[PDB]
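Visitor: One structure coming up, written as structure tokens, with questions to follow.
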Amino acid sequence: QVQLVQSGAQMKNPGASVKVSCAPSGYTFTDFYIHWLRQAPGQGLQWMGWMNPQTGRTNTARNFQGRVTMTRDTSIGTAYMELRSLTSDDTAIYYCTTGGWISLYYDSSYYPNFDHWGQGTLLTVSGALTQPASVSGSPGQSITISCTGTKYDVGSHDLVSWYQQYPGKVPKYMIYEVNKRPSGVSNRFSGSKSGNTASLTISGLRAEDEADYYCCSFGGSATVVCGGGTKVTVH
Amino acid sequence: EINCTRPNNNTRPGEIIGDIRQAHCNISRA
Ligand SMILES: *[C@@H]1O[C@H](CO)[C@@H](O[C@@H]2O[C@H](CO)[C@@H](O[C@@H]3O[C@H](CO)[C@@H](O)[C@H](O)[C@@H]3O)[C@H](O)[C@H]2NC(C)=O)[C@H](O)[C@H]1NC(C)=O
């Protein structure tokens with residue numbers, strides 16, 4: 001059984017550094033990419049970077065250019081994400097996730113296929129794609145959620161995934177590669193794409209569809225970009 | 001029929017954008 005166990009919550013004063021760990025088990029650590037994302041209540045889903053567990057080669061989001069270092073200890077199969085020069089803006093829940101399967105014949109580092117997620121790590125410092133903020137439907141209706149980027153990200157590649165997040169819970173893999181369903185997900189959820197906009201359609205709206213939905217996509221230059229999120233209300 | 005690809009995404013000798021892969025070749029014989 002796959003488990004991604006992250007290190008515990010931390011409080012840091014500003015200017016300090018944080019080193020978050022992620023220890024995966026129940027699968028071959030070196031077969032899949034490791035991604036790092038973060039989320040604050042007053043913002044959306046922010047992709048931080050990827051790491052190849054085999055070689056240790058990484059890529060980080062532009063906004064983290066030189067304050068993030070991702071590494072791994074091979075003897076203990078543990079990934080690390082270090083964030084330097086903390087401020088209050090860095091207060092967030094940080095997530096370690098799995099990614100694309102690592103193949104010799106192509107690069108899947110930028111596949112936003114986050115099948116499995118760590119439990120999250122709350123950092124407190126004391127001392128993006130465009131989604132509609134809110135979408136509403138009554139029960140039984142078909143609803144649709146947009147996710148707009150540019151011709152450089154979602155406009156190129158059929159590499160868009162969708163994630164469902166209940167309050168105080170970890171995001172869940174719902175749709176990937178635009179229209180593909182992960183095992184366990186009902187056909188009620190479908191995905192499509194047109195030009196620079198990807199869409200998630202939820203048919204037969206049940207009450208328990210009420211949640212936050214996030215789109216992630218190939219971001220350009222082997223990055224991944226995520227949306228600000230969409231709250232779905234069922235009347 | 002022989003087809004070889006270089007997955008590496010590079011611009012300038014000192015910069016590769018994504019992850020690293022060797023070149024690979026695939027042959028199809030019918
Ligand atoms: C592999 O590398 C190529 C080229 O280095 C990548 O294309 C580049 O993607 C970036 C997105 O991060 C583009 O940046 C954007 O450029 C436009 C136009 O100047 C600008 O309006 C945006 O603000 C942004 O800076 C960049 O233009 C683009 N370059 C080229 C020549 O395509 C490509 O994404 C990479 N492929 C993979 C699979 O990662």
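Simple scheme: letters A, B, ... for chains in structure tokens order, numbers from 1 for residues in each chain, numbers from 1 for ligands in the order shown.
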Report as a ChimeraX atom specification which protein, DNA and RNA residues come within 12 Å of ligand 1, using only C-alpha atoms and all ligand atoms.

Guide: /A:59-62,106-111,149-159,217-225 /B:7-12,15-20

Visitor: List every residue of segment 1-231 of chain A that DSSP, applied to the backbone of this structure, places in strand (DSSP E or B), and write the result as a PyMOL selection string.

Guide: chain A and resi 3-6+10-12+18-25+32-39+45-51+58-60+68-73+78-83+92-101+117+121-125+129-130+134-137+143-148+160-165+172-176+180+189-194+197-202+212-220+223-227+230-231

Visitor: Go ahead and compute the interatomic distance for atom CA of residue 34 of chain A and atom CA of residue 114 of chain A, in Å to one decimal.

Guide: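 Separating atom CA of residue 34 of chain A from atom CA of residue 114 of chain A is a distance of 8.9 Å.
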
Visitor: Could you give me, as a PDB file with N, CA, C and O atoms, in the first residue's frame, the residues within 12 Å of residue 2 of chain B, counting only C-alpha atoms and dropping anything in the same chain fewer than 3 positions from it?

Guide:
```pdb
ATOM      1  N   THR B   5      15.072   9.436 -31.434  1.00  0.00           N
ATOM      2  CA  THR B   5      14.687  10.722 -30.864  1.00  0.00           C
ATOM      3  C   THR B   5      15.553  11.117 -29.676  1.00  0.00           C
ATOM      4  O   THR B   5      16.052  10.270 -28.934  1.00  0.00           O
ATOM      5  N   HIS B  24      17.385   7.604 -27.901  1.00  0.00           N
ATOM      6  CA  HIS B  24      16.928   6.239 -28.113  1.00  0.00           C
ATOM      7  C   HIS B  24      16.532   6.020 -29.565  1.00  0.00           C
ATOM      8  O   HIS B  24      16.129   6.955 -30.254  1.00  0.00           O
ATOM      9  N   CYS B  25      16.664   4.779 -30.018  1.00  0.00           N
ATOM     10  CA  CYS B  25      16.279   4.404 -31.370  1.00  0.00           C
ATOM     11  C   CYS B  25      15.283   3.261 -31.330  1.00  0.00           C
ATOM     12  O   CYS B  25      15.366   2.387 -30.474  1.00  0.00           O
ATOM     13  N   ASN B  26      14.332   3.275 -32.254  1.00  0.00           N
ATOM     14  CA  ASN B  26      13.384   2.182 -32.372  1.00  0.00           C
ATOM     15  C   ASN B  26      13.241   1.728 -33.798  1.00  0.00           C
ATOM     16  O   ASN B  26      13.132   2.534 -34.727  1.00  0.00           O
ATOM     17  N   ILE B  27      13.250   0.416 -33.953  1.00  0.00           N
ATOM     18  CA  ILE B  27      13.255  -0.197 -35.255  1.00  0.00           C
ATOM     19  C   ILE B  27      11.991  -1.023 -35.394  1.00  0.00           C
ATOM     20  O   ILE B  27      11.598  -1.729 -34.472  1.00  0.00           O
ATOM     21  N   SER B  28      11.347  -0.913 -36.545  1.00  0.00           N
ATOM     22  CA  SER B  28      10.162  -1.698 -36.820  1.00  0.00           C
ATOM     23  C   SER B  28      10.374  -2.506 -38.084  1.00  0.00           C
ATOM     24  O   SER B  28      10.708  -1.961 -39.136  1.00  0.00           O
ATOM     25  N   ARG B  29      10.196  -3.815 -37.964  1.00  0.00           N
ATOM     26  CA  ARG B  29      10.392  -4.722 -39.084  1.00  0.00           C
ATOM     27  C   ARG B  29       9.155  -5.574 -39.294  1.00  0.00           C
ATOM     28  O   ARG B  29       8.761  -6.323 -38.409  1.00  0.00           O
TER      29      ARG B  29
END
```

Visitor: In Å, rounded to a single decimal, give me how far atom CA of residue 49 of chain A is from atom CA of residue 16 of chain A.

Guide: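 Atom-to-atom, atom CA of residue 16 of chain A to atom CA of residue 49 of chain A, that is 20.1 Å.
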
Visitor: Smallest atom-to-atom distance to residue 2 of chain A: which of A:116, A:193, A:84, A:35, using only C-alpha atoms?

Guide: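 Nearest to residue 2 of chain A: A:116.
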
Visitor: Of the residues A:198, A:102, A:232, A:22, which is the one nearest to chain B, using only C-alpha atoms?

Guide: A:102

Visitor: Just how far from atom CA of residue 6 of chain B is atom CA of residue 66 of chain A, in Å to one decimal?

Guide: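 Calculated distance between atom CA of residue 66 of chain A and atom CA of residue 6 of chain B is 28.6 Å.
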
Visitor: Name the closest residue to chain B among the candidates A:12, A:38, A:172, A:57; distances are taken between atoms, counting only C-alpha atoms.

Guide: A:57

Visitor: Pick out the closest residue to residue 33 of chain A from this set: A:185, A:234, A:170, A:51. Count only C-alpha atoms.

Guide: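 Of A:185, A:234, A:170, A:51, the one nearest residue 33 of chain A is A:51, counting only C-alpha atoms.
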
Visitor: Identify, on the basis of only C-alpha atoms, every residue whose closest approach to residue 113 of chain A does not exceed 9 Å; exclude the query and any residue fewer than 3 positions from it along the same chain; express the result as a list in words.

Guide: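 Selected residues are residues 98, 99, 100, 110, 116, 159, 160, 161, 173, 175, 176, 177 and 216 of chain A.
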
Visitor: Measuring between only C-alpha atoms, which one of A:10, A:3, A:233, A:199 shows the shortest distance to residue 25 of chain A?

Guide: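 Closest candidate: A:3.
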